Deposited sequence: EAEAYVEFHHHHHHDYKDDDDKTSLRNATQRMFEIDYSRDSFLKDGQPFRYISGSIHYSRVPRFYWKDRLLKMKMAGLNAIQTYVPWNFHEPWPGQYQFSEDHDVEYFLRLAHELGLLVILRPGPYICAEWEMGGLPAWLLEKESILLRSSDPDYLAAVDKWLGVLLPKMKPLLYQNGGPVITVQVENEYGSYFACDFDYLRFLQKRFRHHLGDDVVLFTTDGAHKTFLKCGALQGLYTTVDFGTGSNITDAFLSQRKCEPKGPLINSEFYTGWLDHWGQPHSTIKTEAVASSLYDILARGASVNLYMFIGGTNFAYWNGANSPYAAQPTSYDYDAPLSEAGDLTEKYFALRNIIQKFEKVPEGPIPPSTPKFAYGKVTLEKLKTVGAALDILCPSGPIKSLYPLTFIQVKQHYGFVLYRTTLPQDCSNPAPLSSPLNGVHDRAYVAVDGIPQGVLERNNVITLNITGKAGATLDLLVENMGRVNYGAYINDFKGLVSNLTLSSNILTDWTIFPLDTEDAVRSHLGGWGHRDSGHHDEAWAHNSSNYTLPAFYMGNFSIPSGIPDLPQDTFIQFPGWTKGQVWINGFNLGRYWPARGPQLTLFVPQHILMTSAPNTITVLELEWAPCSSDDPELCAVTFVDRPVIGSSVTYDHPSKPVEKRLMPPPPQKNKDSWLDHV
């Protein structure tokens, strides 16, 4: 009969009738391959953590209504049993909105099939979806509660609701009530908000324990004074003590100094507070999982965060510093700490052109294009992530430049424009809404539109993507559209059908071998694209994510060794969006480079 509870009399948690406080670090299972889940967790224990904290992204697990992913890398139950096996308790944060620099805050984009939906409110179509989701997730989590022999000790309802404009208290009351139904009356439910009465006003609720977040810049006495105003009794809790900070493409890489973190951490622990270090390891936004902030600016592939464990799991100076702080409070485990993984530079691998996007439409769109008078959104067209080709035919003649414009800023988020197979340039959400083009009447106008990531914070999380308003040409609304949803994932895995200034968006491919019978190969590596511009990359069909060395700060992408093979050659595929170094008479330039050190902080 295991018990975990707040005792108010005494300003703390009781675990099994005894005083308890947690020292946790965040780890997101959706951002670390399962291959490495025990590595990262074990390193977390060795630092002195008695708990971990994680988010459950709805959209990672329910990509379409009634279609579930809980296997392999999506096996959340396994991740929690793994944490338990290693002696770690768990703080579970199941949203349904998690924020987290992740696609639409973890909300599934199919919710937007109701165009008018008010996300994160008592909108009844939103509520009915959430209830179906909780009715699949929470029964999986019930046996992993502490009270029933598992690791979960507390659960977060919603995520920083006090920061959302809606302030719908019946939304919260619904979530409480549904969580209580599936989890019982004993589980400690709580909320997390910014440490200021302005944020706690809409975020707090009777019957949910109110906690705060804040990092190294904040006055710690005040942050806790604002929590105490909402909970005069119970434990002090900083649910997200920032070890670092997010990035955006085109902005310098964020860093927080080791001593600042140590200092504040020591101060927080000395008060007897429970605390969670956000992030302890950040990892990677593989494939299309990154989020974005408003006004539109996307987060990059790497979620390194300047965390104590680096993107690839490495032990940093910051890791050891915090471990030494934790040591002043708790006996920390003995034994040697598992190492940073070995990294190998496989070198330069030559690639060659396979097919433009243009030529691969039979294989990218086997079901055929959809015809619309005006443009349709990604959502209307049944695609959530990646790329959609919008094709029209020129009505006038344009031997002289003619402005192609989205007057309402309706290219969400970036379009690669070509006319009769000649690249014209690029349109960008907020930055470039007009572009001059040329060609003949009846010439095919092509727009390859990229969803660069759905906003995850603020008001504009209802982010459809695509051409969301009309385009004009010499101010005349363009009409009659042939819209091609693109199955890039399937096409890449099948080598685009056949197996056994700007350029046109295209796929380039090449191979490299790794000898078998070598105990220490393959190893993890980092891939680099010197001379390429913007695009997507797969290795052996695994989408490692986005590259953009023309904007930075991220130049390299992380490649975990377990996708690499020795019995047959490894295939690298690059989808270049802007300009490829491959026209030239020198095939040597049409190439990528594997290196043994990340470059995630370029100027």
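- Absent C-alpha positions map to the deposited sequence ranges 1-29, 530-545, 649-678, in order along the chain.
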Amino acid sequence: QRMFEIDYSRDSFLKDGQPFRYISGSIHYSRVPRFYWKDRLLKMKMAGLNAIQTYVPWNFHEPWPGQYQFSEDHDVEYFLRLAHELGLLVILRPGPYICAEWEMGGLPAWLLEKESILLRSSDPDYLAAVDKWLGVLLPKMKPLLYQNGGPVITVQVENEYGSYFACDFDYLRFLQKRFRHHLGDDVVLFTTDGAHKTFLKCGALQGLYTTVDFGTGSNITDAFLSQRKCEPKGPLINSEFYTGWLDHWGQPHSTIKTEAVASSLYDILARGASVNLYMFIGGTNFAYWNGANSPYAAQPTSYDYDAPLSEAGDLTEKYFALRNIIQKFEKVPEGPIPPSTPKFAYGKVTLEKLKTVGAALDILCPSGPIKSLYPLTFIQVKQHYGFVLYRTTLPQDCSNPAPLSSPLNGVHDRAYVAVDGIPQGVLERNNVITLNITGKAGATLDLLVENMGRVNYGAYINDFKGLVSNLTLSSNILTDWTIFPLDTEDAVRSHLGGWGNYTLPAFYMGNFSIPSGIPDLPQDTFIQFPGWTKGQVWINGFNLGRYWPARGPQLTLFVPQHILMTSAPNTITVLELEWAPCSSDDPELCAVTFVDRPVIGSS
From here on, numbers count along this sequence of modelled residues.
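Superpose the two forms; the largest set of C-alphas matching within 1.5 Å is the rigid core.
- Across the superposed structures in 5 other deposited structures of this protein, aligned by the core, the stretch whose Cα atoms lie more distant on average is 491-499, chosen from 491-499 and 203-211.
- Relative to the displayed structure, the C-alphas of 565-573 lie farther away on average in 5 other deposited structures of this protein than those of the other candidate, with 34-42 and 565-573 compared after rigid core superposition.
- Higher average CA B factor: 388-396, of the stretches 344-352 and 388-396.
- Per the PDB record, of the two stretches 150-158 and 479-487, 479-487 carries the greater mean B-factor over its C-alpha atoms.
- Comparing C-alpha B-factors across 338, 143, 105, 358 in the deposited entry, the largest value falls on 358.
- Between the residues 367, 285, 274, 324, it is 367 that shows the highest Cα B-factor in the PDB record.
- When all modelled residues of the chain are sorted by CA temperature factor, residue 300 is found within the lowest third.
- For residue 75, the recorded CA B-factor ranks within the lowest third of the chain. Only modelled residues enter the ranking.
- Residue 553 sits in the middle third of its chain by CA B factor, as recorded in the PDB entry.
- In the PDB entry, residue 267 places in the middle third of its chain by CA B-factor.
- Residue 66: CA B factor in the highest third of modelled residues in this chain (values from the PDB entry).
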